[PDB]
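Notes follow once the structure below has been shown.
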Amino acid sequence: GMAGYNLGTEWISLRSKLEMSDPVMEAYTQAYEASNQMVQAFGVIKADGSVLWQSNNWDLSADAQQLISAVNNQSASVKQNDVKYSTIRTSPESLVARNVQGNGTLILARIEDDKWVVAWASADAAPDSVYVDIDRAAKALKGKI
């Protein structure tokens, strides 16, 4: 062996992607930066039934318990802040929610086992346009939720 130690001390170069104390509330800008045309909310959901987010756009804490139930049992049907969004595709990886008309675009993302990040793109926002941004604020901060 006789290997050589590398960075890691107050560098965050080897993001373990779990149990890593990362700066929360940063994902907002991480995606908003490129989504300047279509701002999307970012609300974290913990399998524990609690939510740790600060978007003030959609009541995710109101029913954090149910917010996860929509996927916990592939329900696909939840209303947050007078906004009903169902997913016509319950997969073991994620669930794509879409409104019949187009009011409330929520995208589910399983960053980890009991950890998954979800964002809400405006009606004007596209699926492939937000689905790409959410990834930056999903499987990038996984660990501090």
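Quick note on naming: the chains in the structure tokens go A, B, ... in the order shown, residues restart at 1 in each chain, and ligands are numbered from 1 in order of appearance.
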
Can you pull out every residue from chain A that DSSP, working from the backbone, puts in helix (DSSP H, G or I), and format the result as an MDAnalysis selection string?
chainID A and resid 27:32 64:72 127:134

Just write the chosen residues, N, CA, C and O atoms, as a PDB file, in the first residue's frame.
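So selection12.pdb came out as:
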ATOM      1  N   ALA A  27     -29.785  24.713  -2.418  1.00  0.00           N
ATOM      2  CA  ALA A  27     -30.335  24.097  -3.619  1.00  0.00           C
ATOM      3  C   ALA A  27     -31.213  25.081  -4.387  1.00  0.00           C
ATOM      4  O   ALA A  27     -31.236  25.076  -5.619  1.00  0.00           O
ATOM      5  N   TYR A  28     -31.933  25.921  -3.653  1.00  0.00           N
ATOM      6  CA  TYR A  28     -32.814  26.908  -4.265  1.00  0.00           C
ATOM      7  C   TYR A  28     -32.085  27.691  -5.353  1.00  0.00           C
ATOM      8  O   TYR A  28     -32.535  27.755  -6.497  1.00  0.00           O
ATOM      9  N   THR A  29     -30.953  28.284  -4.988  1.00  0.00           N
ATOM     10  CA  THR A  29     -30.159  29.063  -5.929  1.00  0.00           C
ATOM     11  C   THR A  29     -29.441  28.157  -6.924  1.00  0.00           C
ATOM     12  O   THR A  29     -29.236  28.529  -8.078  1.00  0.00           O
ATOM     13  N   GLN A  30     -29.062  26.968  -6.467  1.00  0.00           N
ATOM     14  CA  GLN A  30     -28.367  26.010  -7.317  1.00  0.00           C
ATOM     15  C   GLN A  30     -29.165  25.728  -8.585  1.00  0.00           C
ATOM     16  O   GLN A  30     -28.596  25.535  -9.659  1.00  0.00           O
ATOM     17  N   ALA A  31     -30.488  25.704  -8.453  1.00  0.00           N
ATOM     18  CA  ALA A  31     -31.364  25.445  -9.588  1.00  0.00           C
ATOM     19  C   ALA A  31     -31.942  26.744 -10.141  1.00  0.00           C
ATOM     20  O   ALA A  31     -31.998  26.941 -11.355  1.00  0.00           O
ATOM     21  N   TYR A  32     -32.371  27.625  -9.244  1.00  0.00           N
ATOM     22  CA  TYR A  32     -32.947  28.904  -9.643  1.00  0.00           C
ATOM     23  C   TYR A  32     -32.000  29.664 -10.567  1.00  0.00           C
ATOM     24  O   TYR A  32     -32.436  30.372 -11.473  1.00  0.00           O
ATOM     25  N   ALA A  64     -46.742  16.570   5.946  1.00  0.00           N
ATOM     26  CA  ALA A  64     -45.501  15.871   5.637  1.00  0.00           C
ATOM     27  C   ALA A  64     -45.692  14.360   5.704  1.00  0.00           C
ATOM     28  O   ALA A  64     -45.066  13.614   4.951  1.00  0.00           O
ATOM     29  N   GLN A  65     -46.557  13.917   6.610  1.00  0.00           N
ATOM     30  CA  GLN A  65     -46.826  12.493   6.776  1.00  0.00           C
ATOM     31  C   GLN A  65     -47.458  11.908   5.517  1.00  0.00           C
ATOM     32  O   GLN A  65     -47.065  10.838   5.054  1.00  0.00           O
ATOM     33  N   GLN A  66     -48.440  12.618   4.969  1.00  0.00           N
ATOM     34  CA  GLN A  66     -49.126  12.168   3.764  1.00  0.00           C
ATOM     35  C   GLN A  66     -48.297  12.469   2.521  1.00  0.00           C
ATOM     36  O   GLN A  66     -48.312  11.708   1.552  1.00  0.00           O
ATOM     37  N   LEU A  67     -47.573  13.582   2.553  1.00  0.00           N
ATOM     38  CA  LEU A  67     -46.737  13.984   1.428  1.00  0.00           C
ATOM     39  C   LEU A  67     -45.866  12.824   0.954  1.00  0.00           C
ATOM     40  O   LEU A  67     -45.571  12.703  -0.235  1.00  0.00           O
ATOM     41  N   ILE A  68     -45.462  11.974   1.892  1.00  0.00           N
ATOM     42  CA  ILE A  68     -44.630  10.821   1.569  1.00  0.00           C
ATOM     43  C   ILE A  68     -45.483   9.595   1.263  1.00  0.00           C
ATOM     44  O   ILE A  68     -45.051   8.687   0.554  1.00  0.00           O
ATOM     45  N   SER A  69     -46.697   9.576   1.803  1.00  0.00           N
ATOM     46  CA  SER A  69     -47.611   8.460   1.592  1.00  0.00           C
ATOM     47  C   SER A  69     -47.944   8.305   0.111  1.00  0.00           C
ATOM     48  O   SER A  69     -48.136   7.193  -0.381  1.00  0.00           O
ATOM     49  N   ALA A  70     -48.011   9.429  -0.595  1.00  0.00           N
ATOM     50  CA  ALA A  70     -48.319   9.420  -2.020  1.00  0.00           C
ATOM     51  C   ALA A  70     -47.379   8.488  -2.778  1.00  0.00           C
ATOM     52  O   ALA A  70     -47.727   7.969  -3.840  1.00  0.00           O
ATOM     53  N   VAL A  71     -46.188   8.280  -2.228  1.00  0.00           N
ATOM     54  CA  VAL A  71     -45.198   7.410  -2.852  1.00  0.00           C
ATOM     55  C   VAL A  71     -44.973   6.151  -2.022  1.00  0.00           C
ATOM     56  O   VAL A  71     -44.746   5.070  -2.565  1.00  0.00           O
ATOM     57  N   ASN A  72     -45.036   6.298  -0.703  1.00  0.00           N
ATOM     58  CA  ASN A  72     -44.839   5.172   0.203  1.00  0.00           C
ATOM     59  C   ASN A  72     -45.635   3.955  -0.261  1.00  0.00           C
ATOM     60  O   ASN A  72     -45.186   2.818  -0.121  1.00  0.00           O
ATOM     61  N   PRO A 127     -41.098  20.086 -18.192  1.00  0.00           N
ATOM     62  CA  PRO A 127     -40.694  18.888 -17.450  1.00  0.00           C
ATOM     63  C   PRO A 127     -39.208  18.582 -17.607  1.00  0.00           C
ATOM     64  O   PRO A 127     -38.500  18.374 -16.621  1.00  0.00           O
ATOM     65  N   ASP A 128     -38.742  18.559 -18.850  1.00  0.00           N
ATOM     66  CA  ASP A 128     -37.339  18.281 -19.136  1.00  0.00           C
ATOM     67  C   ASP A 128     -36.459  19.461 -18.738  1.00  0.00           C
ATOM     68  O   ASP A 128     -35.242  19.329 -18.619  1.00  0.00           O
ATOM     69  N   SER A 129     -37.084  20.617 -18.534  1.00  0.00           N
ATOM     70  CA  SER A 129     -36.358  21.822 -18.155  1.00  0.00           C
ATOM     71  C   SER A 129     -36.144  21.874 -16.645  1.00  0.00           C
ATOM     72  O   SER A 129     -35.138  22.400 -16.166  1.00  0.00           O
ATOM     73  N   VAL A 130     -37.097  21.325 -15.898  1.00  0.00           N
ATOM     74  CA  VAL A 130     -37.013  21.307 -14.443  1.00  0.00           C
ATOM     75  C   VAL A 130     -36.439  19.987 -13.941  1.00  0.00           C
ATOM     76  O   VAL A 130     -35.749  19.945 -12.923  1.00  0.00           O
ATOM     77  N   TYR A 131     -36.727  18.910 -14.665  1.00  0.00           N
ATOM     78  CA  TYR A 131     -36.240  17.587 -14.292  1.00  0.00           C
ATOM     79  C   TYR A 131     -34.715  17.545 -14.302  1.00  0.00           C
ATOM     80  O   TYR A 131     -34.101  16.712 -13.635  1.00  0.00           O
ATOM     81  N   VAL A 132     -34.109  18.450 -15.065  1.00  0.00           N
ATOM     82  CA  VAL A 132     -32.656  18.519 -15.162  1.00  0.00           C
ATOM     83  C   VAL A 132     -32.069  19.359 -14.034  1.00  0.00           C
ATOM     84  O   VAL A 132     -30.972  19.083 -13.548  1.00  0.00           O
ATOM     85  N   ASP A 133     -32.806  20.384 -13.623  1.00  0.00           N
ATOM     86  CA  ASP A 133     -32.360  21.265 -12.550  1.00  0.00           C
ATOM     87  C   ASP A 133     -32.496  20.581 -11.193  1.00  0.00           C
ATOM     88  O   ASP A 133     -31.582  20.626 -10.369  1.00  0.00           O
ATOM     89  N   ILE A 134     -33.644  19.952 -10.967  1.00  0.00           N
ATOM     90  CA  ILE A 134     -33.901  19.259  -9.710  1.00  0.00           C
ATOM     91  C   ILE A 134     -32.759  18.309  -9.362  1.00  0.00           C
ATOM     92  O   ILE A 134     -32.398  18.158  -8.195  1.00  0.00           O
TER      93      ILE A 134
END

Neighbouring residues of residue 92 of chain A were defined as those with any atom within 12 Å, considering only C-alpha atoms; residues of the same chain fewer than 4 positions away were excluded. Please report them as a short mmCIF file (atom, residue, chain, number, x, y, z; two decimals) with N, CA, C and O atoms, in the first residue's frame.
data_model
loop_
_atom_site.label_atom_id
_atom_site.label_comp_id
_atom_site.auth_asym_id
_atom_site.auth_seq_id
_atom_site.Cartn_x
_atom_site.Cartn_y
_atom_site.Cartn_z
N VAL A 71 -46.19 8.28 -2.23
CA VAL A 71 -45.20 7.41 -2.85
C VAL A 71 -44.97 6.15 -2.02
O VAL A 71 -44.75 5.07 -2.57
N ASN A 72 -45.04 6.30 -0.70
CA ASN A 72 -44.84 5.17 0.20
C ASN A 72 -45.64 3.96 -0.26
O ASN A 72 -45.19 2.82 -0.12
N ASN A 73 -46.82 4.20 -0.81
CA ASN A 73 -47.68 3.13 -1.30
C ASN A 73 -48.15 3.41 -2.72
O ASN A 73 -49.26 3.05 -3.10
N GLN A 74 -47.29 4.05 -3.51
CA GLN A 74 -47.62 4.38 -4.89
C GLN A 74 -49.05 4.87 -5.01
O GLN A 74 -49.82 4.38 -5.83
N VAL A 96 -43.48 10.89 -11.41
CA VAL A 96 -43.70 12.15 -12.12
C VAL A 96 -45.14 12.63 -11.95
O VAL A 96 -46.07 12.04 -12.49
N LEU A 108 -40.64 14.04 -8.31
CA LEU A 108 -40.08 13.26 -7.22
C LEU A 108 -38.70 12.73 -7.58
O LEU A 108 -38.44 12.39 -8.73
N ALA A 109 -37.82 12.65 -6.59
CA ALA A 109 -36.47 12.16 -6.81
C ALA A 109 -35.94 11.44 -5.57
O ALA A 109 -35.82 12.03 -4.50
N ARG A 110 -35.63 10.15 -5.73
CA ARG A 110 -35.12 9.35 -4.62
C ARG A 110 -33.60 9.43 -4.55
O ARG A 110 -32.90 8.56 -5.07
N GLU A 112 -31.81 8.91 -2.09
CA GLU A 112 -31.33 7.79 -1.28
C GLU A 112 -32.49 6.91 -0.82
O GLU A 112 -33.61 7.04 -1.30
N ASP A 113 -32.20 6.02 0.12
CA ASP A 113 -33.22 5.11 0.65
C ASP A 113 -34.36 5.89 1.29
O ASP A 113 -35.43 6.05 0.70
#

If you run DSSP on the backbone, which residues of chain A are strand (DSSP E or B), as a short mmCIF file (atom, residue, chain, number, x, y, z; two decimals) with N, CA, C and O atoms, in the first residue's frame?
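Generated output (selection-v9.cif):
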data_model
loop_
_atom_site.label_atom_id
_atom_site.label_comp_id
_atom_site.auth_asym_id
_atom_site.auth_seq_id
_atom_site.Cartn_x
_atom_site.Cartn_y
_atom_site.Cartn_z
N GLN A 40 -38.62 27.19 -9.46
CA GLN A 40 -39.28 26.01 -8.92
C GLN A 40 -38.97 25.85 -7.44
O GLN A 40 -37.82 25.96 -7.02
N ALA A 41 -40.00 25.57 -6.65
CA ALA A 41 -39.84 25.39 -5.21
C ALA A 41 -39.08 24.10 -4.91
O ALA A 41 -39.08 23.16 -5.70
N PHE A 42 -38.43 24.06 -3.75
CA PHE A 42 -37.67 22.89 -3.34
C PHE A 42 -38.00 22.50 -1.90
O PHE A 42 -37.61 23.18 -0.95
N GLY A 43 -38.73 21.40 -1.75
CA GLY A 43 -39.11 20.94 -0.42
C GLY A 43 -38.63 19.53 -0.14
O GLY A 43 -38.95 18.60 -0.88
N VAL A 44 -37.85 19.37 0.93
CA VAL A 44 -37.33 18.06 1.30
C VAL A 44 -38.35 17.27 2.11
O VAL A 44 -39.12 17.84 2.88
N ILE A 45 -38.35 15.95 1.92
CA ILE A 45 -39.28 15.08 2.63
C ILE A 45 -38.55 13.90 3.26
O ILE A 45 -37.95 13.08 2.55
N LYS A 46 -38.60 13.81 4.58
CA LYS A 46 -37.95 12.72 5.30
C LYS A 46 -38.94 11.60 5.61
O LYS A 46 -40.04 11.84 6.10
N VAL A 78 -51.99 13.87 -4.19
CA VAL A 78 -51.84 14.70 -3.00
C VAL A 78 -52.02 16.17 -3.33
O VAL A 78 -51.59 16.65 -4.39
N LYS A 79 -52.67 16.90 -2.43
CA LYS A 79 -52.91 18.32 -2.62
C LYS A 79 -52.14 19.15 -1.60
O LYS A 79 -52.28 18.95 -0.39
N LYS A 84 -53.64 20.25 -6.27
CA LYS A 84 -53.65 18.80 -6.39
C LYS A 84 -52.74 18.34 -7.53
O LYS A 84 -52.92 18.74 -8.68
N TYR A 85 -51.76 17.50 -7.20
CA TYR A 85 -50.83 16.99 -8.19
C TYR A 85 -50.66 15.48 -8.06
O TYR A 85 -50.21 14.98 -7.03
N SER A 86 -51.04 14.76 -9.11
CA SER A 86 -50.94 13.30 -9.11
C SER A 86 -49.90 12.83 -10.12
O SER A 86 -49.63 13.51 -11.11
N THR A 87 -49.32 11.66 -9.86
CA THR A 87 -48.31 11.10 -10.75
C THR A 87 -48.85 9.90 -11.51
O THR A 87 -49.22 8.89 -10.91
N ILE A 88 -48.90 10.01 -12.83
CA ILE A 88 -49.40 8.93 -13.67
C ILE A 88 -48.29 7.94 -14.01
O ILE A 88 -48.19 7.46 -15.14
N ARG A 89 -47.45 7.64 -13.03
CA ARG A 89 -46.34 6.71 -13.22
C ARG A 89 -45.63 6.42 -11.90
O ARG A 89 -44.67 7.09 -11.55
N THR A 90 -46.12 5.42 -11.18
CA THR A 90 -45.53 5.04 -9.90
C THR A 90 -44.41 4.02 -10.08
O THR A 90 -44.67 2.82 -10.20
N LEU A 95 -41.51 9.31 -9.06
CA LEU A 95 -42.89 9.49 -9.52
C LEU A 95 -43.07 10.87 -10.15
O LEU A 95 -42.85 11.90 -9.50
N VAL A 96 -43.48 10.89 -11.41
CA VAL A 96 -43.70 12.15 -12.12
C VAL A 96 -45.14 12.63 -11.95
O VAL A 96 -46.07 12.04 -12.49
N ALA A 97 -45.30 13.72 -11.21
CA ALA A 97 -46.62 14.29 -10.97
C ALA A 97 -46.96 15.36 -12.00
O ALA A 97 -46.10 16.16 -12.38
N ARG A 98 -48.21 15.38 -12.45
CA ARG A 98 -48.65 16.35 -13.44
C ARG A 98 -50.14 16.64 -13.29
O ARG A 98 -50.94 15.72 -13.09
N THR A 105 -46.51 21.53 -11.12
CA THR A 105 -45.61 20.50 -11.63
C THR A 105 -44.62 20.06 -10.57
O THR A 105 -43.64 20.76 -10.29
N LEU A 106 -44.87 18.91 -9.97
CA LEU A 106 -43.99 18.37 -8.93
C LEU A 106 -43.22 17.16 -9.44
O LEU A 106 -43.80 16.26 -10.05
N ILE A 107 -41.92 17.15 -9.18
CA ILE A 107 -41.07 16.04 -9.62
C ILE A 107 -40.42 15.35 -8.42
O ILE A 107 -39.74 15.98 -7.62
N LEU A 108 -40.64 14.04 -8.31
CA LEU A 108 -40.08 13.26 -7.22
C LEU A 108 -38.70 12.73 -7.58
O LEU A 108 -38.44 12.39 -8.73
N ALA A 109 -37.82 12.65 -6.59
CA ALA A 109 -36.47 12.16 -6.81
C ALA A 109 -35.94 11.44 -5.57
O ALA A 109 -35.82 12.03 -4.50
N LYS A 115 -34.31 8.98 1.90
CA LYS A 115 -34.06 10.38 1.57
C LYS A 115 -34.39 10.66 0.10
O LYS A 115 -33.82 10.04 -0.80
N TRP A 116 -35.31 11.59 -0.13
CA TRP A 116 -35.71 11.95 -1.49
C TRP A 116 -36.06 13.43 -1.58
O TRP A 116 -36.77 13.96 -0.72
N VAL A 117 -35.56 14.09 -2.62
CA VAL A 117 -35.82 15.51 -2.82
C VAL A 117 -36.83 15.73 -3.95
O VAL A 117 -36.83 15.00 -4.94
N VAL A 118 -37.68 16.73 -3.78
CA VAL A 118 -38.69 17.04 -4.78
C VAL A 118 -38.81 18.55 -4.99
O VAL A 118 -38.68 19.33 -4.05
N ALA A 119 -39.05 18.95 -6.24
CA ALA A 119 -39.19 20.36 -6.57
C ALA A 119 -40.52 20.64 -7.26
O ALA A 119 -41.18 19.72 -7.74
N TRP A 120 -40.91 21.91 -7.30
CA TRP A 120 -42.16 22.30 -7.93
C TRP A 120 -41.93 23.41 -8.96
O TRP A 120 -41.73 24.57 -8.60
N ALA A 121 -41.96 23.05 -10.23
CA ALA A 121 -41.75 24.01 -11.31
C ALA A 121 -43.07 24.68 -11.70
O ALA A 121 -44.11 24.03 -11.75
#

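Between atom CA of residue 141 of chain A and atom CA of residue 17 of chain A lies a distance of 6.7 Å.
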
With only C-alpha atoms as the basis for distance, which of A:114, A:137, A:7, A:123 is at the shortest distance from residue 101 of chain A?
A:123

Compile the contact shell of segment 57-62 of chain A as number ranges by chain: residues with an atom at most 6 Å away, counting only C-alpha atoms, same-chain residues fewer than 5 positions apart removed.
A: 51, 80-81
